[PDB]
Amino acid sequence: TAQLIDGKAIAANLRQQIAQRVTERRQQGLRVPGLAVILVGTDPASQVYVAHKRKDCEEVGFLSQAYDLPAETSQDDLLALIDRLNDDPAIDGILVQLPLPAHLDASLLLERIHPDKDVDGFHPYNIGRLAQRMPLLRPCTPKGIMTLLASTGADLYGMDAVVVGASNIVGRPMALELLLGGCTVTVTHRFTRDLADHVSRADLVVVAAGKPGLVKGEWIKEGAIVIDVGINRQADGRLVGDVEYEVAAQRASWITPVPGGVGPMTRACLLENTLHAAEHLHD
């Protein structure tokens, strides 16, 4: 009964729009956006995810620079690579594939990225800027979920929204995006006393919990919008989502099927960030 949000189709529309914009730039003599994607180590998951990023990068016609470093690359060498990419005016976005080898300080390395080239958008400065209602580059997964909400044509102003999975990296950012978008926002987490009462009052539910069946379909308010993205922002391979779909779908006005498009939306908004950076932040 609920209409379906198709994140995969919206991510494709978004890649298509970015590719066309890039074609309008290149004919106009404007610089093509550059994206450096850095991989360190052997992790099969990370090789697959990085591969999807670069495939999406090529489709959209960005200038791209691959850096497939070996796992024992020093922290300092990696800093010098990030220092050099910041000072390269041909590069608009710098991506450091996660997770990184144990010896590497994850936070130090990621925070070395100029916030205006941090197209993932989770650099602390970027989240802080979102927090104070003037984002530089928005965290791409939350941004991607706002795009999902936008496709429903719903008016978020005054909507009671609930974010389930505060502990997740997307959770706080997601809350800041929804507040920016006009919603009253409740954030819940593992220690929330009565999740059912919070969810049942919500016009909008965003769940990123990685806990199958956590949100009962009975908790969903009639007419609610339900976004179920789990904890993997790069690829959704779940057979069952955090929300119990059947009943949820009987009551929601809009729902994301599971597995859904969180990965493609995340990559699309990542590219969208790279383009914006080029058009707006780098001259």
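When you see a residue number, it is the position in the sequence shown, counting from 1.
A summary of the deposited B-factors shows that, of 62-70 and 216-224, the stretch with the larger mean C-alpha value is 62-70.
The stretch with the higher mean CA B factor, choosing between 168-176 and 80-88, is 80-88. Which of 151, 184, 188, 75 has the largest Cα B-factor in the deposited entry comes down to 75. When the C-alpha B-factors of 27, 234, 256, 253 are ranked from the entry, the top spot goes to 27. Among the modelled residues of the chain, residue 20 sits in the highest third by CA temperature factor in this PDB entry.
Looking at the C-alpha B-factors along this chain, the one for residue 32 belongs to the highest third.
The PDB entry assigns residue 136 a C-alpha temperature factor belonging to the middle third of its chain's modelled residues. In the deposited entry, the Cα temperature factor of residue 147 sits in the bottom third of values across the chain's modelled residues. When all modelled residues of the chain are sorted by CA temperature factor, residue 127 is found within the lowest third.
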